[PDB]
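Contents: one structure, followed by commentary.
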Amino acid sequence: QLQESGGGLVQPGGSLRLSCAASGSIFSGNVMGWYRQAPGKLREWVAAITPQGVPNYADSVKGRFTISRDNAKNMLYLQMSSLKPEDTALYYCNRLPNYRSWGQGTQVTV
Amino acid sequence: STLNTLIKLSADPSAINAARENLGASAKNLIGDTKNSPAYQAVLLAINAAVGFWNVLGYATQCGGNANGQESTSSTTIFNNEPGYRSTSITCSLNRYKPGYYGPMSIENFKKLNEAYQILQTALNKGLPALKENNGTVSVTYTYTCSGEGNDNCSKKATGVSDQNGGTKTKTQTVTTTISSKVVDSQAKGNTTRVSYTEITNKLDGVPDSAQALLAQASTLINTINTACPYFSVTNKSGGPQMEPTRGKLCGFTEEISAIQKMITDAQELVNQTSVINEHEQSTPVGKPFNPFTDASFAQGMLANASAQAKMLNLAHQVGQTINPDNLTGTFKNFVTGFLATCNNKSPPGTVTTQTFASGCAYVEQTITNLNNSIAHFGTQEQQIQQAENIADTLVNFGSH
Amino acid sequence: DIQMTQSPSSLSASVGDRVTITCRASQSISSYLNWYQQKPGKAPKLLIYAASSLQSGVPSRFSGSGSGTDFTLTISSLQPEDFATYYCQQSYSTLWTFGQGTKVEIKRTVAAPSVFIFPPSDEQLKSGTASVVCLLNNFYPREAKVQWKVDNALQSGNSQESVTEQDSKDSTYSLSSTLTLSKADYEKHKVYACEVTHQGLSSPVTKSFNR
Amino acid sequence: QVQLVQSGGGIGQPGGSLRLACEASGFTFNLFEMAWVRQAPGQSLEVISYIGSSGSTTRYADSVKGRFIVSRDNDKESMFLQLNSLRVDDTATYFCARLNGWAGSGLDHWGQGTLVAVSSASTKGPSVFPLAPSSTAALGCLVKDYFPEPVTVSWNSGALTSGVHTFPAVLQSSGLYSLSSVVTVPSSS
């Protein structure tokens, strides 16, 4: 029971927020993160957020995205602006370290 | 699909050697760093969990008697550098009851408890080393005293010394132990009590403070507690955190003792995986053509190394979640947020002060936080271990054919 | 130093009585005071420690009290074994000290001393010295003034006193005063007297003799 | 059953020396503190010396500080008192006693005492003189000018006992002991 929302087509330089619906089974007290899926290349780590709320990101993403959570509503939030050809991907969320079966995602291409 | 890219990469020596060096970095990241090792934090979290459990409940734990669990008429045996009520000692001075279950703890068991607690607290104070380290030592020193008529918990038979008045005994059974016995006479200058008593000094040199050595001490601590299972009587501060139950047996904390026992079991197996990583060093590269079916003998070891790292990370996550208070309920959550993850000192690790009792003082929250911080900073490393696990495994199969 | 002062120094008591010996410290000694019993010619044995702790084996007749400076031993019903002298002793300074003692002796009705006088014996005479003996036989209240008079001259500084312990059957004392003179100083006076004073005597009684 | 048996003692001279032995049994001697106490003839109890468990710690009363030496021998469980430089006012019974610092209970147990007396005198036998009576009546004997100290009432051989009184010896200015023994006999013999 995990799925995403808010993925779509936008031009380079645009904006959109993406959201991950995780159960407390995955969420409560666990670190959350965001991941890429580009054609022809593997799942790449993007960002992460601590239960206590500490953010950190990858270099391919440094300075542009902002990850957030909701400890009342088990929700993950990612705001994306300043888009590039390299953001063409399926974006997924998961706990760290990962649960074995993944969600379905949402498509963001630029 | 993603399996097209997996074979396309499985036959690229540049893509394989990149993963192999990714494995050395994440291997050394796990077992050579401390701040940044989920594994380190999870062993630390197990240890400090045990340590903190006794700091919370020792002051209220009943103990007394003479040598072999025997009832005593008038024995006072005081162990130093222990979290007592208002004190830096614990005072076992219960008389005319034989020690046992749901009663006072024997002095025989408190010695095992105490020695493990002293070794831990010193080790914590020095700082647990990276899991790569197995040659660390710690010197440990602790004293107890015996007073009151007929107290033989300090006799030449209890301590093994040549003579209770002034004697010494040295052991080297591999690590050196010197025990020394000193009588303070009732009318000795300085003797404030005006009562004769006996002070035992234990000096341990060469005591190992490796993850498995210290995780084993933590097991001696929590298991002595749970097996002796002495009677306890809490004294709640007024307006501070309230404990339940207020009286009972130490086993009565089945939820807490179990949590700690599995955290120790998980970190022991977590530590057991370091030997795997060491034996499958991933640093040699792998000028000619390269075909998977013939020259890919590293695949087994590359898979053993990556899989060890993954289990070490999953176990690390499991240790934390066994105690992470957001996921806990009722009394067990009460115990953890109100007491275990608190320090009532006015405070380096392993510091016993007169106010340590009824609080964990084991940096339990900071270690839980330090564990989360570490894992969120393993995002790249974690994907690369599975990516290396996928490559090495597709090469094991090409190698079978 | 700390000096312990007991009160009284002596006491006449009866079997079945409640006896009280007090003891006082010059300084505060908190509660570090013990009581001992000592019977004639033997070592003292301990009775009470810590001002109020009854040493084991000691009967419960005995009991202690006090703190700091003023302490008190109580016997609730005197028994024949208890007639002895009692000491308090403080355990607070670098070296322990005792009190002067309290002798408890068995009380009894007033009995007059029957007085006897004994002249020197011929052998002692031609040796150079002379000894006149005055016996006080089986009197009770113990206080006695015995004075020697030769030719009605009150003698001093040459007689010596010696008294027995209470009689095991009578509870009575017996005293021997002995006057020693040289034979030279002896053969110049004629009357030798011994004058006894006591509660048991209406008038001081005198037994004398001439050479 | 704590037990302290004492030996030595005896007759010293002014200056010179005696020795006191105290042999302990029935307790762990090297855990308890010990003390020497002395009692002059008519007087009270005076603590002379204290020695610790180890025997390395030593305290003395001013009356005796530089003049005696306390020591213990923890292997044969024995305590010793070396009385050098002797003086007449050290004439007393001497007691070794166990101080019980474990209980806080004072002088737990005492030896039987051993006799000390110092005098320039030399052993002289008594001179017994008749105390005849004149015209129930009383007579007796006078043993005068002796130094040994122990003397025996002998004048009946076991016949008459209910009328005899032997008086505590007295130390005369001469350094010799005098004593009288009186009897209540009939009125005619």
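All of the numbers you see were taken from the coordinates with simple rules; none came from a lab. Because the Cβ atoms are built from the backbone with ideal geometry, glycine has one as well, and the counts that use them run over all protein chains shown.
Before moving on, here are some points about what is shown:
- Residue check: D:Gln6 meets all listed conditions (1) more than 9 Å from every other protein chain (Cβ to nearest Cβ); (2) surrounded by 17 or more Cβ atoms within 10 Å (Cβ to Cβ); (3) within 24 Å of B:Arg194 (Cβ to Cβ) but one, namely (3).
- Note on region B:70-114: residues that are aromatic (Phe, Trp, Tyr) and part of a loop (DSSP other than H, G, I, E, B) amount to 4.
- Filtered residues of region B:373-401 (kept if in a helix (DSSP H, G or I), out of contact with any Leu (no Cβ under 9 Å at 6 or more places or on another chain) and at the interface with chain A (Cβ under 10 Å from one of its Cβ atoms)): B:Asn373, B:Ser374, B:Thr380, B:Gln386
- Residue in region C:145-153 that is within 14 Å of chain D (Cβ to nearest Cβ), in contact with a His (Cβ under 8 Å, 6 or more places away or on another chain) and part of a loop (DSSP other than H, G, I, E, B) present: no
- Here A:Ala22 passes the criteria (1) surrounded by 18 or more Cβ atoms within 10 Å (Cβ to Cβ); (2) within 9 Å of chain B (Cβ to nearest Cβ) except the one numbered (2).
- Selection status of C:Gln100, facing chain D (nearest Cβ under 10 Å), within 16 Å of the chain's Cα centre (by Cα) and surrounded by fewer than 21 Cβ atoms within 10 Å (Cβ to Cβ): yes
- Tabulated pairs, region B:216-242, first β-branched (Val, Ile, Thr), second assigned to a loop (DSSP other than H, G, I, E, B), C-beta under 7 angstrom, 6+ apart or interchain: B:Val234/B:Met243; B:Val234/B:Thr246; B:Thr235/B:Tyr85
- Inter-residue pairs, beta-carbon under 7 Å, first on the phi < 0 side of the Ramachandran plot and in region B:246-259, second assigned to a helix (DSSP H, G or I) and of a type in the set (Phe, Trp, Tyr), 6+ apart: B:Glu255/B:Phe332; B:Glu256/B:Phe53; B:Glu256/B:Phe332; B:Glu256/B:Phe335
- When B:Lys288, B:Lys311 are checked against the criterion of being of a type in the set (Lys, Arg) and in a helix (DSSP H, G or I), a single residue qualifies: B:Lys311.
- Scope region D:35-75; condition within 22 Å of C:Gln37 (Cβ to Cβ), in contact with a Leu (Cβ under 7 Å, 6 or more places away or on another chain) and facing chain C (nearest Cβ under 10 Å); matching residues: D:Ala35, D:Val37, D:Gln39, D:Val47
- The listed residue being over 27 Å from D:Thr166 (Cβ atoms), touching a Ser or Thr at 6+ places or on another chain (Cβ under 9 Å) and of a type outside the set (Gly, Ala, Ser), out of C:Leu175, C:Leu78, C:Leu135, C:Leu154: C:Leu78
- Selection from region C:83-97 of residues that are surrounded by 16 or more Cβ atoms within 10 Å (Cβ to Cβ) and either polar (S, T, N, Q) or within 16 Å of the chain's Cα centre (by Cα) (or both): C:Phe83, C:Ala84, C:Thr85, C:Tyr86, C:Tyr87, C:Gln89, C:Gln90, C:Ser91, C:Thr97
- For region B:76-89, the count of residues that are charged (D, E, K, R), over 23 Å from B:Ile264 (Cα atoms) and within 14 Å of chain D (Cβ to nearest Cβ) is zero.
- Check on A:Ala47, part of a strand (DSSP E or B), under 19 Å from B:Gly379 (Cβ atoms) and touching a helix residue (DSSP H, G or I) at 6+ places or on another chain (Cβ under 8 Å): yes
- For the residues C:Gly57, C:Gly16, the requirement of being more than 27 Å from D:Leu4 (Cα to Cα) and assigned to a loop (DSSP other than H, G, I, E, B) singles out C:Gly16.
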